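Below you'll find the structure, written out as C-alpha cells, and then a few comments.
Chains as they are written, first to last, in PDB author numbering: chain A, 5 to 86; chain B, 6 to 86.
So this is what it looks like as C-alpha cells:
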C-alpha cells in the first residue's frame with residue numbers, strides 16, 4: 005500500500021522496500037531524507053526527483069506543490085550530499 | 006507536452022527552456038538528445054528523468070521499458086560527466 009501515498013512510482017517503492025521501508029507509516033516517521041539516504045546506500049543513482057517524491061508522500065501532496073522553503077531545504081541537503 | 010506519459014510540470018518546463026516545446030519536437034530528437042540538452046542547463050538532472058522521456062517518446066510508463074534499453078540509458082547517463 006506504499007503504492008498509495010502520491011508521487012510514489014513502481015520503482016521507487018521497489019527500493020523503498022529494499023531499504024526496509026514498506027508500509028506508508030514506516031516512511032512517515034523516518035521521513036523522506038532518511039528514506040532517501042537508505043535507498044541511496046543501495047543505488048547511488050537515486051536523485052532529487054526521488055527526494056521530492058518522498059517528501060511529497062509524507063505531506064499528502066504531489067511534490068510540484070510542496071511549499072518553496074521546503075524545496076530549497078531538500079535541494080540544499082541533496083546537493084550537499086554529492 | 007505534459008500530455009505524454011511520465012512528464013510532470015517541471016520536466017515540461019525545463020524542456021521548454023531547452024528549446025523543445027512540443028511532443029513532435031521531443032520525438033525528432035529522441036530522449037538521449039533531449040536530456041543531453043537540459044543537462045547542459047542543469048548539470049544535475051536526474052536519471053529518473055532520462056527514463057521518463059524515453060518512456061515518453063515510446064508510449065508508456067517508464068517502469069515498463071525493456072531492461073535492455075534501461076541498461077543502455079543508464080550507461081549513457083554515466084558517460085555524462
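Heads up, the beta-carbon is just placed ideally off N, CA and C, and yes, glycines get one too.
Cβ neighbour criterion (16 or more within 10 Å) applied to residue 62 of chain A: By one-based count along the first chain, residue 62 of chain A stands at place 58. With 16 or more Cβ atoms within 10 Å of its Cβ, residue 62 of chain A is classed as buried.
So residue 15 of chain A contacts chain B; which residues on that side make the cut at Cβ distance below 9 Å? As a position in the first chain, residue 15 of chain A is number 11, starting the count at 1. 53, 56, 67, 68, listed in chain order.
Residue range of the alpha helix (DSSP H) that includes residue 6 of chain B: The residue given as residue 6 of chain B occupies position 1 in the second chain. No alpha helix (DSSP H) holds residue 6 of chain B; DSSP gives it neither H nor E.
The ligand NAD heavy atoms versus the CB of residue 11 of chain B: any closer than 7 Å? Inclusion of the ligand NAD in the displayed structure is not the case, the ligand content being empty and no account of it being possible.
Within 8 Å, strictly: CB atoms of residue 60 of chain A and residue 28 of chain A: For this step, residue 60 of chain A is matched to residue 56 along the first chain. For this step, residue 28 of chain A is matched to residue 24 along the first chain. For residue 60 of chain A and residue 28 of chain A, no; Cβs fall outside 8 Å.
Looking only at its chain, what residues have a beta carbon closer than 7 Å to the beta carbon of residue 20 of chain B, apart from the 5 residues adjacent to it on each side? As a first step, residue 20 of chain B must be located in the second chain, where it is residue number 15. Excluding residues within five positions, the ones whose Cβ falls inside 7 Å are 6, 31, 39, 43.
Just verifying my parser: in three-state terms, what is the DSSP assignment at residue 13 of chain A? As a working note, residue 13 of chain A is residue 9 in the first chain. It is coil, neither helix nor strand.
Chain B contact residues for residue 49 of chain A, given Cβ-Cβ distances below 7 Å: Here residue 49 of chain A refers to the residue found at position 45 when the first chain is read from its first residue. Those are 52, listed as they occur along chain B.
Quick check on the burial criterion: 16 or more other C-beta atoms within 10 angstroms. Buried or exposed for residue 8 of chain B? Taking the first residue of the second chain as 1, we reach residue 8 of chain B at position 3. Exposed, by the Cβ-count rule.
Per-residue DSSP class, three states only, for residue 42 of chain A: As a first step, residue 42 of chain A is located in the first chain; it is residue number 38 there, counting from the start. The answer is helix: DSSP assigns residue 42 of chain A an H, G or I state.
Chain-order list of residues whose beta-carbon lies under 7 Å from that of residue 85 of chain B (same chain, five-residue window excluded): Translated into positions along the second chain, residue 85 of chain B becomes position 80. The answer, listed in chain order, is 44.
Please tell me whether residue 77 of chain A has its Cβ less than 8 Å away from any Cβ of chain E. Checking the listed chains, one finds no chain E in this structure; the protein chains it contains are A and B.
Among the candidates B/16, B/76, B/68, B/50, whose CA atom is the shortest distance from the CA of residue 14 of chain A? Locating residue 14 of chain A in the first chain gives position 10, where the first residue counts as 1. With distances taken between Cα atoms, residue 14 of chain A lies closest to B/68.
Status (buried if at least 16 other CB within 10 Å, exposed otherwise) for residue 36 of chain B: Numbered from 1 along the second chain, position 31 holds the residue referred to as residue 36 of chain B. Residue 36 of chain B comes out buried.
Considering Cα atoms alone, identify which of A/71, A/53, A/22 is closest to residue 12 of chain A. Along the first chain, read from residue 1 onward, the residue named residue 12 of chain A stands at position 8. The option with the nearest alpha carbon to residue 12 of chain A is A/53.
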